[PDB]
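Proteins get letters first, then strands, A, B, ... in listed order; numbering begins at 1 in each. Whatever order the structure lists ligands and atoms in, that order sets their numbers, starting from 1. Side chains are part of it too, since the values below use all heavy atoms of this structure and drop only hydrogens, waters and symmetry mates.
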Amino acid sequence: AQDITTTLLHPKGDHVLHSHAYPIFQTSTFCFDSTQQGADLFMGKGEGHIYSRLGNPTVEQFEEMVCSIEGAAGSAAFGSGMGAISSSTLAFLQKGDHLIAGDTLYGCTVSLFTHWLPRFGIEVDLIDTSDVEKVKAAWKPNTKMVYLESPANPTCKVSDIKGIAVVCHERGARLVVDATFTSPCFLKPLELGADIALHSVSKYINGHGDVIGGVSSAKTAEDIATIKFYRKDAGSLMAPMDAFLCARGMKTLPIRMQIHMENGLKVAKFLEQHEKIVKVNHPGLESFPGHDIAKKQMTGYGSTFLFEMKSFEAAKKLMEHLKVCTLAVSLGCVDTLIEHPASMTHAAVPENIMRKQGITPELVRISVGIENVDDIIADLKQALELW
Amino acid sequence: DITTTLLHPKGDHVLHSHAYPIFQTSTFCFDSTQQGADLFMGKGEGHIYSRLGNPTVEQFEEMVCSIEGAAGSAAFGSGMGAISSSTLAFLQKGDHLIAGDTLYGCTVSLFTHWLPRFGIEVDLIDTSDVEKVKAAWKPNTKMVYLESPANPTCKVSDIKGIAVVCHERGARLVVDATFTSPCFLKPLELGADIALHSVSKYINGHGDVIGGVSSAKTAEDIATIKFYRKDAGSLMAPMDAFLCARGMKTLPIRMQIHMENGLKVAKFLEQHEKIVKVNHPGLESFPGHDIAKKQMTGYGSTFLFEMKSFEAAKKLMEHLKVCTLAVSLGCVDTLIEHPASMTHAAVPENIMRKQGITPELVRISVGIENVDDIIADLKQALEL
Amino acid sequence: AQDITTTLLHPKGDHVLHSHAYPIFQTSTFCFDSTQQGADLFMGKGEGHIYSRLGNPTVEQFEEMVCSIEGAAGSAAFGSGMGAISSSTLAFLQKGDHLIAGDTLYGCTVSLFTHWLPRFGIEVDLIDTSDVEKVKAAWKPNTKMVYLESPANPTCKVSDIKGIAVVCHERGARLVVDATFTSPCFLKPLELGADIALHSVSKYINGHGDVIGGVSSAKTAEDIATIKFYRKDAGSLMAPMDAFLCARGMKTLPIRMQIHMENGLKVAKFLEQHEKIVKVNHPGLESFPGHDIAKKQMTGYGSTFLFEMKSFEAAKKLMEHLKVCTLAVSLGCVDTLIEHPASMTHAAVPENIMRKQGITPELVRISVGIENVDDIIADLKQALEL
Amino acid sequence: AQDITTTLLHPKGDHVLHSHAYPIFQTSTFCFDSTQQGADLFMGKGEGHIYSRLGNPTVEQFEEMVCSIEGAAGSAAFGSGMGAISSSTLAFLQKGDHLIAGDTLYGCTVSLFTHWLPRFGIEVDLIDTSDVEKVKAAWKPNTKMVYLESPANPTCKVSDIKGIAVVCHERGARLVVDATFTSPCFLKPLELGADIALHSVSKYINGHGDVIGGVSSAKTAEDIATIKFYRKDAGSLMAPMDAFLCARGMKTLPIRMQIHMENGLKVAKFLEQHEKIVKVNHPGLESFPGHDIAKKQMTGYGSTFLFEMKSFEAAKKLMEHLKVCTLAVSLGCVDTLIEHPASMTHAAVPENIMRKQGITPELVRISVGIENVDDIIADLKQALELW
Ligand SMILES: CSCC/C(=N\Cc1c(COP(=O)(O)O)cnc(C)c1O)C(=O)O
Ligand SMILES: CSCC/C(=N\Cc1c(COP(=O)(O)O)cnc(C)c1O)C(=O)O
Ligand SMILES: CSCC/C(=N\Cc1c(COP(=O)(O)O)cnc(C)c1O)C(=O)O
Ligand code: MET
């Protein structure tokens, strides 16, 4: 079996005009040889292109790369992770359906499920999905989907994806997993029983902090076709230039992830043993609840995680006195980022959900990059040891 | 005129750069916890994350906003992103939408397949007749949605008239002005609440970008559109915004030529023995010319005309040397298309007949080539 | 005869994967089907590509466009106007050769001819090329080239390209013309007997102020081959993204030029009649020396020209209280630029050559955009009234 | 001492509008505040920009990254390696000067030095620079520069940079080193006594096969100024978009080089023990003449190197039956390339110089990528073991 590094570097497809790099198809439309040839493409008959919203060669190449690492039937790229999330949920849910989702999700996913879905007649319950029994207790005759993020952003709360999949499969619900925090090198939800695996490509997959994008991959040709049908009407698209950049970033994804994983575990162990640090939420630590599920169902760990200082003042002193880490939201970049969930990425999360999520002002989230780990640790150590 | 404004948009230069930089970035740095917290609460000036706001995209938004006379503008990944964000940001389960019966194929698909799955009642009706709008009206009607002139038939709706109905009755009016551009059609100026465009067409005009834009009359309505966009996720990429803003620098100048070329081409087709009929809003023969002459200050260059058979239309479309057989419109070069088997193939048969779309119709988008060269191209294809 | 607008909008070449817009080939290298195929391509046999420095399809597409408007045998694109100039001269001149150049040139052209060429053993004379007899007098047995800009940057001085070309033809010398200021819409030096016609694409051709690039076009197949051979070793390349932007800009070149021309003429007649202005150097003004040559040899005029204030203080006042016009170097953008040549574009030229050029602290160079000309005139009027 | 990985991920310079990624300044000109401010900038007084040919902020950020790893006084970026090479030689050499250059150089470098320089009155000798005595024997009163490429493209011939630097320093000659083949992670010629270190950025530094570019770095402020002075008149510029791409590629340069070095050595050892292979020219092999010098003067090895088959026919059969390696010129890309120097990269080199470069139809050059090394070795093995 060919390694994933080789696969990403040698993706299926013909070269265009013998170009070694795949060209940027910065075009809106494509030409027809004849009215019949154009009519046929519109009926899905024959090979070729029509209009970039329906399909763009550069974007399609990026889609093939993702599909090959997810083990999917097809992938669809989007203008953002949120575009991938919207199109993987609202392409299937309709008025009268029920959604069960994790109670600890990315802030704007909470916003989508909590503000927009109910306006479309979709019933939603945010549930502690780390407990299968609670998922089952929340099930109704009209449940059509379960949506999980694991490890969750930002607390790293782990859900039993396999266990929950069994229930979805027995009851006729789709299982959709946001695997953004771990990347497809380490988490392959289609192997664990998910029907759809999605990512904010803005994070690890692109890895270079210079693109916003999303991707979704489906186990079934029918589901990916439905997703793309939704996309053509809802219109969240990956631009050709952004696709070119995301494919290029993805060329180094396996080696970047290996370094992210190792650096993040070492930073977590350093923080864990430090006097100033109360607790560290990294799913690769033996102290972490759900470490056992995470080590069985994933093949590695992303390097974004959260830790608890003794006070909000202590957290602010740390965050404001770093020279290598950069104070900023987002994650999964080559350089290390740090932020304060309570007042930033999760500050829009309604108060009842934010306390069920366990987000307090003492918490700091760090997204460890690929800098030399000793430099990262020395930067944290000097700030923690300030006068 | 409009040109000076588009060339000299408000804002500071970034590091004294004459061209506005491409902010190819996802995230932005904070000076402190407080400054970041403040930005998330909408206080102070600055950026957080490109999905919430990118300086390059905002520059393009400001350009459109200035020309629409709006309170604000939002850019998207496509015209469809603009459309679904300008409708589903407001409509919810139990609401009713009245839409023009003739729309772009994918707008039909959105209103016809997706909106009712979300419990929104939709009636497509003939909006060229205001009394028909009044008759479709219900107590739960919250929006009327119009294209005018419509794609592909160029059917004209009375925007000013329908806006009066909407204002009186507590409903938003949303107008897709793609086919005409904000040089010649300003729906907010006619009483509309929202004006939107596929920027992929005239506004960018160089056939190398897909993008959308929507502009709201009120600050609250643009804030709601952007709130939806933040969760729905149809963004204009910074490189595409750089390209759209650049394309828009020649917009007024391209439109003058598109308009004049389109009129001359339509007239040539209208007196040609082989052509049954020409649907161009600027022709005296076209039904709705009087309304369009009054409500618009010019005409786009994309219109439809009728051949005597499918075979005759196939022969025309397939023997052109300058015009390109392709979908889309509003590019600098001339495009030509067959609505029945292409742009509108997926439109349900019943909606198809109601639109009046038959296999004998050909749709053309006249570029800014010398008119005589394009007339000569059509001439040899129609005669030989 | 198909019109230039149509020609630029419908360039020769097949589509790539049916794409309407020509793709951006952001690649360094190309794949071969076989050893023999790669080897054949290195020998110039067969069709295809090897490596973007030798040839990039996106760049070649921009090259084709320029070659169509110039009526050339071929065109080469570069990373700047200076790259086109260097490669159009040093590809031919060698130690012991003599070059005759116009006395009024872009500042960096002066620096090239005056600092670099003599280090390479090439003799250079800067002479007043508005008088053909002065070209004849400057001639030597080793003269191999005449290099001209017309109208010259920044004074707009006009040379008789057509007359100078006869002399060059008669005497075995190449005539190279930098037609940056006028664009290939209105000035086609190869039609006037020049051997090479070149531009800073950074100006009108691209026209959107967002790219630096050059292009050179040769009358003969052998000369454009030599230019590209020099380019391969010298390495001033147009990037694929910049070529994409330059072709795109060029799609509107003819309509943009038409407006530049009309606008600049109107601005110049306004300034010529205003009491604060000593003279206006626009080659389209009947008052201008060499207007009659420029009217015969060109089919229109660029919109960059120079005018004279009563003092340096007046110049400074004007340049610093404009609200639409932007204080910046460069020219031929969609929007109006304004510049002080003495201390900016031509600051580095030796006092000696500057004297010869007629450049003084009282001169101001404007590059009129495609704004509503009433807004530009109103901007100027407003500033002149303080 | 902060690691190069961290240094490259954290370049000096203010952020622009708080942007985390450095913006692409796709502009030709810049605005002045006043006639004086603009006049001042043209005299080198004050901070700010004028025109992209003279300086562009996105390009300057890439220059500063290169300058930080070379240990230079300044770096200059160009449209191609050839642009860097022209500007690093013709900026200093004038009519009547003498240049000593290696006899085994990149083909177009031979073209520059043997066709163009002599046309400008510059005297040039191509010398075997692996022998310092031969360098000295070729020295003349007017010698002004020694130009070296080590290991040489394509034969990997090693020069003694340190030993040749002594002679340059004693006699008033500039030493210029093309370090393209090794990257600035492993070869820092300014530390060995060179005056100028340059690269085709098209190769390892960018690493992604999608840009052509050059860079040159000088030990002295005066020499970098002269180079840039030459650049503004010769006009070989890095485009803003290409500088954005090269800086982005360079963010992963240290980890890519580590994988390239290891893969390359393992592939060379596989080939060296293989029955079909006569000889392997990898400077990290103990059998390689020059290994001892390469091992002392570099801190690693690039992964492009040459090997000898038993025949031209055997070479062609190998090169045309690979499924992972790609038949193409260029090198230092993330994916593996392969090429026939005798009929491709070096087919334009005069037979005189080809004979002494040691280039024959039996030689194949491979540029080993970052694919899993077992997948690379398996691909070569299956082609070598063909019916
Ligand atoms: C509040 S601003 C910070 C951006 C951000 N997160 C994004 C993200 C998305 C959304 O992906 P888009 O950003 O649309 O590409 C989806 N799914 C997950 C697990 C995510 O972490 C953050 O910093 O936590
Ligand atoms: C596959 S068919 C080609 C596209 C096309 N029309 C598009 C269009 C859109 C949608 O805009 P987006 O394509 O999403 O930027 C919105 N509004 C109007 C009046 C439109 O005409 C056409 O060829 O009629
Ligand atoms: C002082 S810096 C301003 C640039 C400028 N002129 C440039 C120019 C070039 C050089 O072209 P490149 O800039 O290399 O694309 C060549 N030929 C002519 C007639 C030129 O005017 C100016 O503002 O006068
Ligand atoms: C003219 S071939 C250029 C590519 C590169 N310099 C090589 O050695 O492969």
Per-residue contact class, A:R365 against ligand 1 - non-hydrogen pairs under 4.0 Å
side chain
Ligand 1 contacted by A:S330 (non-hydrogen, < 4.0 Å):
yes
Only one of A:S88, A:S87, A:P189 passes side chain to side chain contact (heavy atoms under 4.5 Å, CB included) with A:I196; say which it is.
A:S88
Any nitrogen or oxygen of A:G81, side chain or backbone, less than 3.5 Å from one on ligand 1?
yes
D:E339: what forms a salt bridge (charged side-chain N to carboxylate O under 4.0 Å, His left out) with it, not counting sequence neighbours?
D:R365
Return yes or no for this condition: an N or O of A:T345 is under 3.5 Å from an N or O of ligand 1.
no
Taking only non-hydrogen atoms of A:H199, do any sit less than 4.0 angstrom from ligand 1?
no
Nitrogen or oxygen contacts under 3.5 Å, ligand 4 side and protein side:
{"residue": "ligand 4", "atom": "6 (N)", "partner": "D:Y106", "partner atom": "OH", "Å": "2.9"}
{"residue": "ligand 4", "atom": "6 (N)", "partner": "D:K203", "partner atom": "NZ", "Å": "3.0"}
{"residue": "ligand 4", "atom": "8 (O)", "partner": "D:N153", "partner atom": "ND2", "Å": "3.1"}
{"residue": "ligand 4", "atom": "8 (O)", "partner": "D:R365", "partner atom": "NH1", "Å": "3.0"}
{"residue": "ligand 4", "atom": "9 (O)", "partner": "D:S330", "partner atom": "N", "Å": "2.8"}
{"residue": "ligand 4", "atom": "9 (O)", "partner": "D:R365", "partner atom": "NH2", "Å": "2.9"}

Heavy atom of A:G213, distance to ligand 1 below 4.0 Å
yes
Under 3.5 Å: N/O of A:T109 near N/O of ligand 1
no
Ligand 1 contact on A:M344 by region, counting heavy-atom pairs under 4.0 Å:
neither
Does C:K232 make a cation-pi contact with D:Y106, if we ask for NZ or CZ under 6.0 Å from the ring centre and within 45° of the axis?
no
Honestly, for A:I85 the part within reach of ligand 1 (heavy atoms, under 4.0 Å) is side chain
Using every non-hydrogen atom in the two residues, find where A:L331 and A:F181 come nearest and quote the distance to one decimal.
CD2-CE1, 3.6 Å
For ligand 1 and A:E149, I'd like to know whether there is a polar contact (N/O to N/O, distance under 3.5 Å).
no
